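Novice: Following this message is one structure expressed as structure tokens.
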Amino acid sequence: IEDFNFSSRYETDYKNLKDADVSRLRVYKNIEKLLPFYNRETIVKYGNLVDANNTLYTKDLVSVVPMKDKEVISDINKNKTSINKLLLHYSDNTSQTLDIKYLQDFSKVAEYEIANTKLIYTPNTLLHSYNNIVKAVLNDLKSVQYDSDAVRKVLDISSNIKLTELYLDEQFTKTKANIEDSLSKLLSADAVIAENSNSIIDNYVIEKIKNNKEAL
Amino acid sequence: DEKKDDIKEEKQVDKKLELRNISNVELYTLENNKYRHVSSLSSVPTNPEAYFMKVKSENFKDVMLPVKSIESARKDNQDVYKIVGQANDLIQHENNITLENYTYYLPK
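Protein chains in written order, with this note's numbering: chain A, 1 to 216; chain B, 1001 to 1108.
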């Protein structure tokens, strides 16, 4: 039993569309990961535009976006620069790369076009700025000591038991130094934020990180 | 009672945002200056805009939507509050009609 969701809102059907093709069902399913956040009409149109020669027919999994093998994640920080490569990890454990160019992004979603097969790639981020959140919570994260009392309280540890069994102090200092980029990438890759004017969701994220800063 | 005849070729289909595999959705609020999961029992239409819609799925990550309006209604002749998320172009294709924002109904 459920309560007014997951059934009426499910609506994942790709059959019986205006230009639906039974043969290209797995083609549509593969192209879904390439072009999220879009309407079913656009996705079926692009699936029909798929050439039968290319290897998009076989089962597909989540793509990743490397720039000359750097494997960028923060799309907002690198949407302007070209993410030249785009890996396609198929379910067959076969790896293919494709040339990628940046062209005609929306205010929220960024569109990348594949030159060879006239297809479109989009990443899993709405290019929302996390500068507000990171600036709000940065100096709070910076004031944490590896051998302090709060860090011990976060663990299920007593005051007597030492921390030398972890071997993480130098890396703790390192991640204190570079918390900016890591936090920005984590905020970019954890969820999707569509906020435009208000700040309630940003403040919620700030509260969530602030509540568990030592654990983070 | 007049209709206009239209000829249309889909040279460019409508390019808008949609959630295709949305599972159950939560709901949060700032009722007491802290973000609490008000999973149900929206007895009164809370007029401020301190709610956000954290939809969840299984084919990809969760999406967060600040709410636009809360309205009482009767989806199945029951006390039901209609809630809508806000985005630049998000649409919901339900029952062969297009809705300019995502909407779901609280039954309880």
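Backbone N, C-alpha and C define an ideal beta-carbon position, used for all residues, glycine too.
Taking contact to mean 3 or more Cβ pairs, one atom from each stretch, closer than 8 angstroms, check whether the stretch 1055-1064 of chain B and the stretch 38-53 of chain A are in contact.
Specialist: Contact between the stretch 1055-1064 of chain B and the stretch 38-53 of chain A is absent, because fewer than three Cβ pairs lie under 8 angstroms.
Novice: I'd like to check one pair, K1108 (chain B) with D3 (chain A): are the Cβ atoms closer than 8 angstroms?
Specialist: Position 3 of the first sequence, counted from the start, is the residue given in the question as residue 3 (chain A). Position 108 of the second sequence, counted from the start, is the residue given in the question as residue 1108 (chain B). In contact: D3 (chain A) and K1108 (chain B) (Cβ atoms closer than 8 angstroms).
Novice: Just curious, the beta strand (DSSP E) that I1070 (chain B) is in, first and last residue?
Specialist: Walking along the second sequence from the start, residue 1070 (chain B) turns up at place 70. Looking at the DSSP string, the run of the beta strand (DSSP E) that includes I1070 (chain B) is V1063 to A1073.
Novice: What do you reckon, are the CB atoms on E41 (chain A) and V1080 (chain B) nearer than 8 angstroms?
Specialist: Here the question's residue 41 (chain A) lines up with position 41 in the first sequence. Here the question's residue 1080 (chain B) lines up with position 80 in the second sequence. Cβ atoms of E41 (chain A) and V1080 (chain B): not closer than 8 angstroms.
Novice: Going by the CB atoms, is the gap between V65 (chain A) and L98 (chain A) shorter than 8 angstroms?
Specialist: Numbered from 1 along the first sequence, position 98 holds the residue referred to as residue 98 (chain A). Numbered from 1 along the first sequence, position 65 holds the residue referred to as residue 65 (chain A). Contact: no.
Novice: Which whole-angstrom value is the C-beta distance of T122 (chain A) and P36 (chain A), which I expect to be below 8 angstroms?
Specialist: Position 122 of the first sequence holds residue 122 (chain A). Position 36 of the first sequence holds residue 36 (chain A). Confirmed, Cβ separation roughly 6 angstroms.
Novice: In the DSSP assignment, find the beta strand (DSSP E) that holds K1108 (chain B) and state where it starts and stops.
Specialist: Stepping through the second sequence from its first residue, residue 1108 (chain B) is reached at position 108. No beta strand (DSSP E) contains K1108 (chain B), which DSSP labels as neither H nor E.
Novice: Identify whether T173 (chain A) lies in helix, strand or coil by the three-state DSSP scheme.
Specialist: Taking the first residue of the first sequence as position 1, residue 173 (chain A) is located at position 173. DSSP places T173 (chain A) in helix when its eight states are reduced to three.
Novice: Can you grab the Cα-Cα spacing for the pair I73 (chain A) / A194 (chain A), in whole Å?
Specialist: Residue 73 (chain A) sits at position 73 when you count from the first residue of the first sequence. Residue 194 (chain A) sits at position 194 when you count from the first residue of the first sequence. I73 (chain A) and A194 (chain A): Cα-Cα distance of roughly 18 angstroms.
Novice: Comparing alpha-carbon positions, which option in A:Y57, A:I179 and A:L168 lies nearest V22 (chain A)?
Specialist: As a first step, residue 22 (chain A) must be located in the first sequence, where it is residue number 22. Ranking A:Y57, A:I179 and A:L168 by Cα distance to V22 (chain A) puts A:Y57 first.
Novice: Would you mind listing the beta strand (DSSP E) stretches within the stretch 117-189 of chain A that are 3+ residues and don't spill past its ends, in chain order?
Specialist: Counting only runs of 3 or more, we get 119-121.
Novice: Using a Cβ cut-off of 7 angstroms, pull out every chain A residue sitting near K1108 (chain B), in sequence order please.
Specialist: One-based indexing of the second sequence puts residue 1108 (chain B) at position 108. The contacting residues are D3.
Novice: Assuming the contact rule is C-beta atoms closer than 8 angstroms, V1084 (chain B) and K1054 (chain B) should be a hit. Round their C-beta distance to whole Å, please.
Specialist: For the purposes of this step, residue 1084 (chain B) is identified with residue 84 of the second sequence, where counting begins at 1. For the purposes of this step, residue 1054 (chain B) is identified with residue 54 of the second sequence, where counting begins at 1. Not really, about 15 angstroms apart at Cβ, beyond 8 angstroms.
Novice: Taking C-alpha atoms, which residue in A:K153, A:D147 and A:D75 lies nearest to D169 (chain A)?
Specialist: The residue labelled residue 169 (chain A) in the question sits at position 169 within the first sequence. The shortest C-alpha separation from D169 (chain A) is found at A:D147.
Novice: Going along chain A in order, which residues have a C-beta closer than 9 angstroms to the C-beta of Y1081 (chain B)?
Specialist: The residue given as residue 1081 (chain B) occupies position 81 in the second sequence. Result: empty, since nearest Cβ-Cβ is about 11 angstroms, beyond 9 angstroms.
Novice: Between which two residues does the alpha helix (DSSP H) harbouring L17 (chain A) extend?
Specialist: By one-based count along the first sequence, residue 17 (chain A) stands at place 17. That residue, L17 (chain A), is in no alpha helix (DSSP H); it is neither H nor E in DSSP.
Novice: Count the other CB atoms, across all protein chains shown, that sit within 10 Å of the CB of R1020 (chain B); report buried if there are 16 or more and exposed otherwise.
Specialist: Position 20 of the second sequence, counting from 1, holds the residue named residue 1020 (chain B). So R1020 (chain B) ends up on the buried side.
Novice: For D1005 (chain B), go through chain A and note every residue whose CB falls closer than 9 angstroms to its CB, in chain order.
Specialist: Indexing the second sequence from 1 puts residue 1005 (chain B) at position 5. Correct list: empty, because the minimum Cβ distance to chain A is about 20 angstroms.
Novice: Across the stretch 184-199 of chain A and the stretch 127-142 of chain A, are there enough close Cβ pairs to call them in contact, namely three or more that are closer than 8 angstroms?
Specialist: As far as the Cβ criterion goes, the stretch 184-199 of chain A touches the stretch 127-142 of chain A, which means the pair count is three or higher.
Novice: List the whole-angstrom C-beta distance separating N39 (chain A) from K1016 (chain B), where the pair is believed to meet the contact cut-off of C-beta under 8 angstroms.
Specialist: Here residue 39 (chain A) refers to the residue found at position 39 of the first sequence. Here residue 1016 (chain B) refers to the residue found at position 16 of the second sequence. That pair is a contact at about 5 angstroms.
Novice: Checking the sheet assignment: what are the DSSP bridge partners for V50 (chain A)?
Specialist: On the first sequence, residue 50 (chain A) is found 50 positions in, with the first residue counted as 1. Looking at the DSSP assignment, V50 (chain A) forms no beta bridge with any residue, so it has no partner.
Novice: Measure from the C-beta of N1024 (chain B) to each C-beta in chain A and report whether the shortest distance is under 8 angstroms.
Specialist: Mapped onto the second sequence, residue 1024 (chain B) falls at position 24. Taking Cβ atoms only, chain A reaches closer than 8 angstroms to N1024 (chain B), which makes this a yes.
Novice: Go through the stretch 35-86 of chain A residue by residue and report every complete run of the beta strand (DSSP E) that reaches 3 residues or more, in order.
Specialist: Complete beta strand (DSSP E) runs here, min 3: 60-64.
Novice: Round the Cβ separation of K176 (chain A) and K142 (chain A) to the nearest angstrom and send it over; I've been treating them as touching at under 8 angstroms.
Specialist: Residue numbering aside, residue 176 (chain A) sits at position 176 when the first sequence is read from its first letter. Residue numbering aside, residue 142 (chain A) sits at position 142 when the first sequence is read from its first letter. Contact flag correct, Cβ pair sits at about 7 angstroms.
Novice: Look at the alpha carbon of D181 (chain A) and the alpha carbon of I209 (chain A), and state the distance between them as a whole number of angstroms.
Specialist: Mapped onto the first sequence, residue 181 (chain A) falls at position 181. Mapped onto the first sequence, residue 209 (chain A) falls at position 209. Each residue's alpha carbon lies about 15 angstroms from the other.
Novice: Taking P36 (chain A) as the query, report the chain B residues whose CB atoms sit under 9 angstroms from its CB, ordered along the chain.
Specialist: Looking up residue 36 (chain A) in the first sequence gives position 36. By Cβ distance, chain B contributes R1020, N1059 and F1060.
Novice: In whole angstroms, what separates the C-alpha of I1070 (chain B) from that of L1027 (chain B)?
Specialist: Here the question's residue 1070 (chain B) lines up with position 70 in the second sequence. Here the question's residue 1027 (chain B) lines up with position 27 in the second sequence. Taking the straight line from one Cα to the other gives about 12 angstroms.
Novice: What in chain B is Cβ-close to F172 (chain A), meaning under 8 angstroms?
Specialist: Translated into the one-based positions of the first sequence, residue 172 (chain A) becomes position 172. Within 8 angstroms Cβ-Cβ: nothing; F172 (chain A) doesn't reach chain B, min ~28 angstroms.
Novice: Taking the alpha helix (DSSP H) that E207 (chain A) falls in, what are its first and last residues?
Specialist: By one-based count along the first sequence, residue 207 (chain A) stands at place 207. Run containing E207 (chain A): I200 to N211, per the alpha helix (DSSP H) assignment.
Novice: Drop a sphere of 10 angstroms on the beta-carbon of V27 (chain A), count the other beta-carbons inside from all chains shown, and report buried for 16 or more, exposed for fewer.
Specialist: Position 27 of the first sequence, counted from the first residue, corresponds to residue 27 (chain A). Classification of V27 (chain A): buried, given that the 10 Å Cβ count is 16 or more.
Novice: Under 9 angstroms Cβ-Cβ, which residues of chain B neighbour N124 (chain A)?
Specialist: Position 124 of the first sequence, counting from 1, holds the residue named residue 124 (chain A). Ordered by position in chain B, the residues that pass the 9 angstroms Cβ test against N124 (chain A) are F1060 and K1061.
Novice: Do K78 (chain A) and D60 (chain A) come within 8 angstroms of each other at the CB atom, strictly closer than that value?
Specialist: Taking the first sequence and counting its residues from 1, the one referred to as residue 60 (chain A) is at position 60. Taking the first sequence and counting its residues from 1, the one referred to as residue 78 (chain A) is at position 78. Not closer than 8 angstroms, so no.
Novice: From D190 (chain A) to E1002 (chain B), what distance separates their C-alpha atoms?
Specialist: The count along the first sequence starts at 1 and reaches residue 190 (chain A) at position 190. The count along the second sequence starts at 1 and reaches residue 1002 (chain B) at position 2. Taking the straight line joining both Cα atoms gives about 50 angstroms.
Novice: Applying the 10 Å Cβ sphere with the 16-neighbour rule, what's the burial state of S184 (chain A)?
Specialist: Here residue 184 (chain A) refers to the residue found at position 184 of the first sequence. Per the 10 Å Cβ criterion, buried.
Novice: In chain A, which residues lie less than 8 angstroms from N1088 (chain B) when you measure between Cβ atoms?
Specialist: By one-based count along the second sequence, residue 1088 (chain B) stands at place 88. Residues of chain A passing the Cβ test: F106, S107, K108, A194 and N196.
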